[PDB]
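Protein chains in written order, with the deposited numbering: chain C, 2 to 64, 73 to 170; chain A, 2 to 63, 73 to 169. Yeah, the Cβ is synthetic: ideal placement off N, Cα and C, and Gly gets one too. Everything on this sheet refers to the single structure shown next.
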Amino acid sequence: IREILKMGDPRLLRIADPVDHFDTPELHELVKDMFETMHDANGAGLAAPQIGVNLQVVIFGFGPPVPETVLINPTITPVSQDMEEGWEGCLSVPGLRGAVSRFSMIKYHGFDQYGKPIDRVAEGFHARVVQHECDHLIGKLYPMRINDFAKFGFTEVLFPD
Amino acid sequence: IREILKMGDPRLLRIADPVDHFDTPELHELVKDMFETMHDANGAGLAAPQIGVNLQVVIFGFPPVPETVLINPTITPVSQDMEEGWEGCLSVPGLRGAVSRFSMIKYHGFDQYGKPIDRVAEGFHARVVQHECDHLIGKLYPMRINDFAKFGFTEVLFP
Ligand SMILES: CCCCC[C@H](CC(=O)NO)C(=O)N[C@H](C(=O)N1CCC[C@H]1CO)C(C)C
Ligand SMILES: CCCCC[C@H](CC(=O)NO)C(=O)N[C@H](C(=O)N1CCC[C@H]1CO)C(C)C
Ligand SMILES: [Fe+2]
Ligand SMILES: [Fe+2]
Ligand SMILES: [Mg+2]
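So, in structure tokens, the structure goes:
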């Protein structure tokens, strides 16, 4: 379990490099380390830059249910311009929550750690999670996406139950 | 010591009302409570909405900044010059962000006895005054940040 970087660390602001070689022991190790870190923190997702690794690798999936997924070198294409506001938190921004507008429906493409292609359509929370994780790959944390800072604050204050 | 409200509380997001009557026991008690709370938290300033009181009262003092009670304030920039600087807030513990503020301002207001206050301030003095008065119009400093690359946890930004 690697330490999760916190907002303020310049490494969270970088644009991640694509993975060049699949099905390698080092990539398998990266994925294993990420799942260990994510599960330990009870996260719904994790991006490699969050543990200081500048590669386009994200994982996500939790039992609404989101499929357990390793997504590498991703691209996201919105199906429509419809957007929806939802509450987000981030392991790199502990103690806070913010309302973030995301696309309601997306197609996304990428590869697993064996280099097998992934092509999916997602909506709602699933789509939100993928957008949130992929944002980390271009050096974005959700406060960069917040438009209404009345809807940003400490979890304990926003949700006292 | 009154609790300092934390970001997310709707009371931090409102327009404060002016004080109508000066030199009252309730105003003296407010000022005392604010100073006790501020000092307990090691702050350089405090605004009444931060303890849930929606009135145009701020205090500050820490080129030392003079200890001041400023009521019903107005701020007028002397020039349009601005400078970016790191800010934190007792209502936003653990974080810092870069905020642009006017470099030079005049400000006007009253003390708790109703005596006028009229000053010119620059640099940090001007920054604290702008920061405190922003609370009176429902503004927390993350609302003034345009570039969140310059925002993060204090311990990480400044180890
Ligand atoms: C929701 C969009 C973000 C999902 C991914 C994050 C994990 C993370 O840091 N991603 O890089 C997460 O688990 N966030 C959780 C989160 O935001 N949740 C959990 C489900 C509901 C929502 C809070 O409203 C908690 C742990 C902060
Ligand atoms: C700086 C502009 C804001 C000044 C007032 C705040 C206090 C506050 O919340 N006022 O409403 C303060 O003391 N902030 C301090 C602060 O921001 N400082 C201390 C001096 C330098 C700067 C940190 O960069 C600490 C306590 C967070
Ligand atoms: Fe995150
Ligand atoms: Fe403040
Ligand atoms: Mg009146």
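Could you check whether the Cβ of residue i sits closer than 7 Å to any Cβ belonging to chain C?
i                : result
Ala159 (chain A) : yes
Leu47 (chain A)  : no
Report back the beta-carbon spacing between residue i and residue j to the nearest angstrom; my notes put them in contact at under 8 Å.
i                : j                : result
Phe163 (chain C) : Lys7 (chain A)   : 5 Å
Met114 (chain A) : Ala136 (chain A) : 6 Å
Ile52 (chain A)  : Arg3 (chain A)   : 4 Å
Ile147 (chain A) : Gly107 (chain A) : 18 Å between Cβ atoms; not a contact.
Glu97 (chain C)  : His145 (chain C) : Not really, about 12 Å apart at Cβ, beyond 8 Å.
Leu56 (chain C)  : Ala17 (chain C)  : 6 Å
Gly9 (chain A)   : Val166 (chain C) : 3 Å
State yes or no: is the beta carbon of residue i nearer than 7 Å to at least one beta carbon in chain A?
i                : result
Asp10 (chain C)  : yes
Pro169 (chain C) : no
Could you give the distance in angstroms between the alpha-carbon of residue i and the alpha-carbon of residue j?
i                : j                : result
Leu14 (chain C)  : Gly95 (chain A)  : 20 Å
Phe112 (chain C) : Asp91 (chain C)  : 6 Å
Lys160 (chain A) : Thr25 (chain A)  : 43 Å
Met35 (chain A)  : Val75 (chain A)  : 17 Å
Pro126 (chain A) : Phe168 (chain C) : 42 Å
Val59 (chain A)  : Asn82 (chain A)  : 9 Å
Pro73 (chain C)  : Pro73 (chain A)  : 57 Å
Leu100 (chain C) : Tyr123 (chain A) : 49 Å
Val88 (chain A)  : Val20 (chain A)  : 26 Å
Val138 (chain C) : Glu37 (chain C)  : 18 Å
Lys33 (chain C)  : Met39 (chain A)  : 47 Å
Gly62 (chain C)  : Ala45 (chain C)  : 6 Å
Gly119 (chain C) : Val130 (chain C) : 12 Å
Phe23 (chain C)  : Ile5 (chain C)   : 24 Å
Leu47 (chain A)  : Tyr117 (chain C) : 48 Å
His29 (chain C)  : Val102 (chain A) : 40 Å
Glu132 (chain A) : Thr78 (chain A)  : 16 Å
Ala42 (chain C)  : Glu93 (chain C)  : 26 Å
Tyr151 (chain A) : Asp121 (chain A) : 25 Å
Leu31 (chain C)  : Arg12 (chain C)  : 17 Å
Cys143 (chain C) : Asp157 (chain C) : 22 Å
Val54 (chain C)  : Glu27 (chain C)  : 12 Å
Can you list the residues of chain A that residue i reaches, using a CB-CB cut of under 9 Å?
i              : result
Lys7 (chain C) : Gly162, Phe163, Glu165, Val166
In chain C, which residues lie less than 7 Å from residue i when you measure between Cβ atoms?
i                : result
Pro152 (chain A) : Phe158, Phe161
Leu14 (chain A)  : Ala159
Grab the span of the alpha helix (DSSP H) containing residue i for me, first residue to last.
i                : result
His145 (chain A) : 133 to 145
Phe36 (chain A)  : 26 to 41
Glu165 (chain A) : 164 to 167
Where does the unbroken beta strand (DSSP E) through residue i begin, and where does it stop?
i                : result
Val79 (chain A)  : 78 to 87
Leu150 (chain A) : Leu150 (chain A) -> no beta strand (DSSP E), and no H or E assigned at all.
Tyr117 (chain A) : 114 to 120
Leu47 (chain C)  : 46 to 48
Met92 (chain A)  : 92 to 97
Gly62 (chain C)  : 58 to 63
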